[PDB]
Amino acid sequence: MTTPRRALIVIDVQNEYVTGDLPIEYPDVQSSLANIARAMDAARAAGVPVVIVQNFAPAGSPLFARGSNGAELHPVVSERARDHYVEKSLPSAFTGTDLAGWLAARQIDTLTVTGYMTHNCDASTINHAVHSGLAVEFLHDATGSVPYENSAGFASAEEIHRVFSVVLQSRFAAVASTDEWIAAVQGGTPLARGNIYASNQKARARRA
């Protein structure tokens, strides 16, 4: 087997999600911030390129407003080194940006996703990556969601994050812990991916 050639992308780790008005609720945000930092430190030690993504909305916007505290990168990011930076104003870190080219220029075959939110920025970015031919990894303990209620119904942060983690594992990404990822980097091994048939069979077999 070929050794995975990973890039770690740290998506929208900004104060809005922590001290601001879109507070991450599951996993616990302090626990995911700590794992983001471990993943970044491990990546730097192992020579895995680290890409920071920052999301902006216009000045005066209620969230992620240019010039506001909430739009600034959290100290976990800002006090660390990085190898690349991408600003975005859409969920996906690829659309219209230099990300795909930058990755390709570094022979990246595997994009390891951390940051926020699981169901929006992270999932959009992963969807683009998968359909471009990249393998994707998702660190379930270095990511997270918020609860939502709207005309379509209610879903908690735990339900959103779990659903997305399980769906990702079924088809789109290797879902793993930060500890698991760090070890796989050390060993030069891929992380395990699930599949739709196994995933649905297991749930059905249990219901039986």
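Counting begins at 1, following the sequence as shown.
A summary of the deposited B-factors shows that, of 5-13 and 185-193, the stretch with the larger mean C-alpha value is 185-193.
Higher average CA B factor: 128-136, of the stretches 113-121 and 128-136.
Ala93 sits in the middle third of its chain by CA B factor, as recorded in the PDB entry. Residue-level temperature factors show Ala100 in the middle third of its chain, judged at the C-alpha atom. Annotation for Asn150: CA B-factor lies in the highest third of the chain's modelled residues. In this PDB entry, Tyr26 carries a Cα temperature factor that places it within the middle third of its chain's modelled residues.
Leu33 sits in the middle third of its chain by CA B factor, as recorded in the PDB entry.
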